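A.B. asks: Experimental structure and its sequence below.
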Amino acid sequence: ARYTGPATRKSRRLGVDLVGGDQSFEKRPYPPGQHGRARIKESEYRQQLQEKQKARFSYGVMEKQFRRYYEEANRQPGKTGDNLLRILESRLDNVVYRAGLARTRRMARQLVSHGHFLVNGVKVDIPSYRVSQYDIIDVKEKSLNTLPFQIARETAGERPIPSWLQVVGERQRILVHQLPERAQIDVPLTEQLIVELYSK
Amino acid sequence: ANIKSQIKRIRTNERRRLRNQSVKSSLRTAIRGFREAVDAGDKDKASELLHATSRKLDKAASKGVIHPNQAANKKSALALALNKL
Amino acid sequence: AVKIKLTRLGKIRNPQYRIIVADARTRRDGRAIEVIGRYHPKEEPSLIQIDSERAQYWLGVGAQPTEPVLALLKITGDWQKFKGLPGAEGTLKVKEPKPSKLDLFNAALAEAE
RNA sequence: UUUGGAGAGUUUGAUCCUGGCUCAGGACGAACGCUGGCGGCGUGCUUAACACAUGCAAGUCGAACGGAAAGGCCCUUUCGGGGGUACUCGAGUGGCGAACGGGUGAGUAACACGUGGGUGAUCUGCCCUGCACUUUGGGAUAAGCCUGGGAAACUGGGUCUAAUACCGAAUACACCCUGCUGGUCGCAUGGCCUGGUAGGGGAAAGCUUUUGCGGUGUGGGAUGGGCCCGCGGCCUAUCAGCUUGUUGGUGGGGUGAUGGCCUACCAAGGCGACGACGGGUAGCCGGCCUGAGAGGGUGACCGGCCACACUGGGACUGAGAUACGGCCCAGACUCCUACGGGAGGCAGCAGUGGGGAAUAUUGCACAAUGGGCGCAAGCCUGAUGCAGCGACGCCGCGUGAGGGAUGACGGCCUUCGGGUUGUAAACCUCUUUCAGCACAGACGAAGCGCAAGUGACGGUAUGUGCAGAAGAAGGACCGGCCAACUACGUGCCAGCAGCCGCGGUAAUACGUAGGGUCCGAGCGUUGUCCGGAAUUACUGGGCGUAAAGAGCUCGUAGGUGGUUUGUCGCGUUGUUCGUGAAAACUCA
């Protein structure tokens, strides 16, 4: 499933503001609840859990799936952390977000799931679609004239684009050079504490 | 039984049983006659019964009542008994 | 009786067969003496990969094929290579390789103008 | 030349150590509780190898045969029906199949399994390929007709009919047996040269006019097996002696084959502390779960082997039999009986009862794949392919997305200011996945058929459009391990709790509210296994006082072995070949 609840509060519990645009946390700094500003016992488990949840709720991934991503990263070679980030960034909701068509991973998820996209000709209603090297992500014919993509092409200068990605058309076709490296990821997070968590 | 094919195969198998019974019994009778001729000590009678019994053993093996290897072992035993006599 | 057969593999609505040689008294999904081909009839050209030399061995030593695999051998010409009627037909058609994703990538880059 | 181990709490006034207990993780053929939307792919009697109603689960061949009961065709015709053939076919004879497939794991601690070998100790229907033939003659009988007995099951008789049924004979000189004999291999019996030679022997089935089918013997091959052996994999000595066909041999028998397999005789051996014989438990394996690995545990699906088919025993038939849906006997149970006798076997599929914490529909179709029969069409196939049921599991998707404040109300706290719930909500905008409505609509089928069509799944999946957030979120936890905290109520009560332990009016541990947190159509609990546990320590522990040196010696088996030369190449090591099934696991 997915988390359809409030978005700011997760960022508040986890410190890092994933999206932004609130004043409660931004004036008084605290996690949610009446017991904000409380005393904290500074446990490594909380640190690790907080990075894991940072990833989970920055993307739209739940734990039973994030576990699989971690396991894929741990099996496949290289550093488990950057492999995991490569996986989490190499999914459709994230690539269209990073391309700026949605300006929120929630919105990107709704778009892909509603089928306002496709990949190499075939429709895709899967936000968890793991894109690959040399992937053309087209938008369908109704969607290009719909309002959200009008907004995309209008405000496609706000947030930057990764290097491994590039938009190519005014119709907002998207291209994938390769898969991202830890420099290409550009996410407010480490990746070691998560693998430590799942190694516990 | 409760199936047509088995109900028929009962009759067929009884038929084949009676056939093979008659044949094997004739064979054992021939062999006891031969062994009587031998333990008594007759020689030419024993040779004649040996030819007859070997013929019948080959015949039964061809009919399938016995295996050719079985017929071979039986008649070989007969021949060796006659020789050592 | 030794026989060329199709062992079903694959998931429920994806009958990927594997062309084996096995006794008739075996079961479909059972132990195979040798694997000589595969048969995936969900492709439109309905893939017919085979191993001709071993097919010819088993036919020469008297492996009675099933009807489907007989048709497959007729397609690959091994049936005809075995008997000798039109020599060896070679009726097989394969799925044409779709263009490389790299080629599509470069084509769309060129179109990005 | 690559790889992958986390700890915490608890003994004390406190410390260190030892040491156990507990927990955090993962998994399940699961169950239970709360909750519950969708699909996809799987999976589902782990207990009573308990008993089973009912229906299906193995038939086919008229191109083997006599025939003609039902259709068909033609004569006939009182329209009641009667004749013929030969399309077609009930029943019957005959052939082939029925030994496969499917189920269960009761038994089995064993060559049952796995792995590797041996078979000069062996079989092998069907299939393929060579060689030689398919000669000749006869006697019945089922069925049918006429009867008889029996309640029934069933069965006796007479008469009559045919065959690829049955039976004799000829030929076979490849084959079998015996005698003599040569060469060669040898791993000893012995094997090969289809050795040679002499003698005596061994068979057959015909049918049909059509893409034609067959039959016998023999050689070879292939397949499927059988038998034997090495090694390997449970507990138990609070089970130490066991064995008398038991160990061996000879001659016979028997087998497909070797062999006490069996028998007469002979000899008196054989097995045991390296655990015989007993007792208990258990199907074995690939694999699965865990684990850093070693290892531990397990043997569900799936796949292979074995064993079994109400219990026990037995054979027959056949190429082949544990003969599930076969036979005989005995026994238990159930049923019919005219009491004389008879009939049965779900551990096949579905299903019922029962037991249980607990496990599905008395479904569709042979469309596909596999099998059987048939020249073939085709028939059969509860194998199988699909569907159904059940969150049982795994995976995926959704339940909305963007914007939206001094931040509404309400709720809970408040140090009374306010803080939070909470960008949450209301409201603007957008989106329609999924579900719903209409239309189309498959792949699966170079298939089957030489008939004109053929898809159970399925008017399903999936594509198109239609409307609107429109129909879609719970569960556990919040003292520490273990993030996450307050108020109120109860105060050694009610209760909680996995361990430490919390409750003895100011409870962050109980109950409820808020709020937070962990997951999310799941969440928790219980049970089981591994881990953590270096807590049986090979990797990887120890024994002065923590549990642990026998009271001490002698000495058997065993284990171990100073310096050195040579050799063997057993261990060891290198390389290669074969095998290590597929699936699995892993990499792509």
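C.D. replies: It's in. Residues are numbered from 1 along each chain as shown, chains lettered A, B, ... in the order given.

A.B. asks: hey, let's count contacts and neighbours off CA atoms from now on
C.D. replies: Fine.

A.B. asks: just checking, residue A:190 touches residue A:51?
C.D. replies: Yes - if you go by CA atoms under 8 Å, residue A:190 and residue A:51 touch, sitting 7.5 Å apart.

A.B. asks: who's more crowded, the two?
C.D. replies: More neighbours surround residue A:51 than the other of residue A:190 and residue A:51, with 21 against 15 (other CA atoms under 10 Å in any protein chain shown).

A.B. asks: hmm, back to that, list the residues that are in contact with both of residue A:190 and residue A:51.
C.D. replies: Counting by CA atoms under 8 Å, 6 or more residues apart in numbering or on different chains, residue A:190 and residue A:51 have no contacts in common.

A.B. asks: What is the burial count for residue 1?
C.D. replies: As the question left the chain open, I've gone with chain A. 6.

A.B. asks: look at chain C instead
C.D. replies: 11.

A.B. asks: check contacts around it.
C.D. replies: C:23-25, C:63-64.

A.B. asks: Mind doing that once more with 6 Å?
C.D. replies: Applying CA atoms under 6 Å, 6 or more residues apart in numbering or on different chains, we find residue C:1 in contact with C:23-24.

A.B. asks: next one: residue C:66
C.D. replies: So residue C:66 contacts residue C:5 (CA under 6 Å, 6+ apart).

A.B. asks: Tell me how far the residue positioned nearest the centre of chain A lies from RNA strand D.
C.D. replies: For chain A, the residue nearest the mean C-alpha position is residue A:59 (3.4 Å; CA atoms, centre = their mean). Residue A:59 sits 11 Å away from RNA strand D, taking CA to the nearest atom of the strand, to the nearest Å as the criterion.

A.B. asks: do residue A:195 as well
C.D. replies: With CA to the nearest atom of the strand as the criterion, residue A:195 and RNA strand D are 8 Å apart.

A.B. asks: Helices of chain A, residue ranges please.
C.D. replies: For chain A, applying DSSP state H gives helices covering A:8-13, A:24-27, A:44-58, A:63-75, A:80-89, A:92-99, A:105-114, A:141-145, A:147-154, A:182-185, A:192-199.

A.B. asks: Make TSV from the ones you listed and add distance to chain C to it.
C.D. replies: As requested, the helices of chain A are exported to TSV (distance: least, CA to the nearest CA, whole Å):
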stretch	distance to chain C
helix A:8-13	37
helix A:24-27	42
helix A:44-58	29
helix A:63-75	22
helix A:80-89	20
helix A:92-99	16
helix A:105-114	21
helix A:141-145	17
helix A:147-154	16
helix A:182-185	20
helix A:192-199	32
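
A.B. asks: Among those, show me which one is buried the most.
C.D. replies: helix A:92-99 (a mean of 25; mean count of other CA atoms under 10 Å in any protein chain shown).

A.B. asks: Could you see whether RNA strand D lies near that one?
C.D. replies: No - Helix A:92-99 does not reach RNA strand D (CA under 7 Å from any atom of the strand); its nearest approach is 9.1 Å.

A.B. asks: List the contacts of that helix.
C.D. replies: A:103, A:105, A:108-109, A:127, A:129, A:161.

A.B. asks: and if we set it to 7 Å?
C.D. replies: Here helix A:92-99 makes contact (CA atoms under 7 Å, 6 or more residues apart in numbering or on different chains) with A:89, A:102-105, A:108-109, A:112, A:127-131, A:161-162, A:167.

A.B. asks: go on, stretch A:12-31?
C.D. replies: In contact with stretch A:12-31 (CA under 7 Å, 6+ apart) are residues A:11, A:32, A:36-37, A:50, A:54, A:58.
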